[PDB]
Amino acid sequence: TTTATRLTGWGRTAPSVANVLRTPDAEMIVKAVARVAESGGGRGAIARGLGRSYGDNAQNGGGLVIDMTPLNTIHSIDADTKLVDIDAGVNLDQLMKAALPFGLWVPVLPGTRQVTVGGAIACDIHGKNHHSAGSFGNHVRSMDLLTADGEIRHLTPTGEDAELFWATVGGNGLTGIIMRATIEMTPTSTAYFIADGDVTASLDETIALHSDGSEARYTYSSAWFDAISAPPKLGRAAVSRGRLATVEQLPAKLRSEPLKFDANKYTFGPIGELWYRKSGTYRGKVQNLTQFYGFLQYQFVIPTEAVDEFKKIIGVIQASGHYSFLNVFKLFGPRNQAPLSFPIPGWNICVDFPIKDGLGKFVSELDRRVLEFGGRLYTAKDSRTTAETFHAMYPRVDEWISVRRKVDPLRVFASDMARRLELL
């Protein structure tokens, strides 16, 4: 039934060997669980999706890893209720293609579409529209959770069972296996964005641009971000903000099929500085999805009010010797009821660090400042933080652990991450 396999997160670090069940039969899955809750606890069981999480939340070395990608049935889409009803194994790319013809848009998209619905919920993923749409769990209207006791619970965000619902959202698969869910989609008349591009010269004007209230005019906003140049160049950004185009705004060629889809010498001179600023500055640019959308991935958010502390963390980063080219910055909006949900209103930033000597000790310092300044790290990007740091970052973890205690008293569900962060 099972196959012992060598599993890594997307970052390809910290491998561990687990027995991997990979069946489309919801029965075998329910039974493989009781075949684990019968032998005491052992090393338990964790669900796995498309394995895009960099962390170790979808590994369970010496235990059972259940691959959910065979469960990829889209059961129904309804354009009137905007409800979509899918198996946890369907990915967001599959789902986006199926829903477009109904005038429905996936409400939260991450930077890769090869992500299951299970994973989208379990990490409570965010995207470029967080400040307007919240994260993924805000759009889940119901889900079917295979619990440790073998029963299948129907959860909804309100009424009774809300607590277990909101613990499963961002629960990293540690309340049990999500089998099926209903998502409320976002209505759209096209598959296109209208985008305004902006460029900044300093971290100061980047913050100002995100504080002047202009942000309330776009549903989608993010930025490429300079983490290398010394001040005051440091933290200049190419800002890309937009919203879904109506049909009226499409060029005539496209207005027929609105829901479709398919380094030089100058580069560092004053001319390319002129090129980069000119090409990064635009208005009303219509773009499709793909146009608009040995390393250590590191992402954190700092509460909105601690802006000076945010600027200081950026300073620490560029003066650290560790250089990062791909940096995305965004202002998150309001959070949700999930105790372990990563997003809070404030300054979010994703950096990519070339693995080299001293990096591990340096990021441990970074952790310390992020913690100190009231922010947190993201489990879907994280493999190396500590339980003390995690627990302090997420003050509601105790609230969460209790809920999990009820629904899995015998530690049927476990992972490399749960043991490391002491969420088990």
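Note that residue numbering begins at 1 and tracks the sequence as displayed. Under this definition, the rigid core comprises the largest set of C-alpha atoms superposing within 1.5 Å between the forms.
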How do 144 to 152 and 273 to 281 compare in 9 other deposited structures of this protein: which one has C-alphas farther from this form after the rigid core is matched?
273 to 281
Count, per the entry, the deposited residues between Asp262 and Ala263 that are not modelled, and return the matching class: none, 1 to 3, 4 to 9, or 10 or more.
10 or more
Of the deposited residues between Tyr293 and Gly294, the number without coordinates is 10 or more
Look up the CA B-factors in the entry and say which stretch, 28 to 36 or 47 to 55, has the higher mean.
28 to 36
Got a sec? Mean C-alpha B-factor, which is higher, 101 to 109 or 252 to 260?
252 to 260
Between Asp161, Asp78, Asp93, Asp87, which carries the biggest CA temperature factor in the record?
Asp161
Selection by C-alpha B-factor (highest) of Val199, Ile74, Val115, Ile125:
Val199
Thinking about Cα B factors across the chain, which third does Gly176 belong to?
middle
Would you mind checking where the Cα B-factor of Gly375 ranks among the modelled residues of its chain, as the lowest, middle or highest third?
lowest
Chain thirds by Cα B factor, record data; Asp357 belongs to the highest
Check where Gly242 lands among this chain's C-alpha B-factors and tell me if it's the lowest, middle or highest third.
middle
Would you mind ranking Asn60 by its C-alpha B-factor against the rest of the chain and naming the third, lowest, middle or highest?
highest
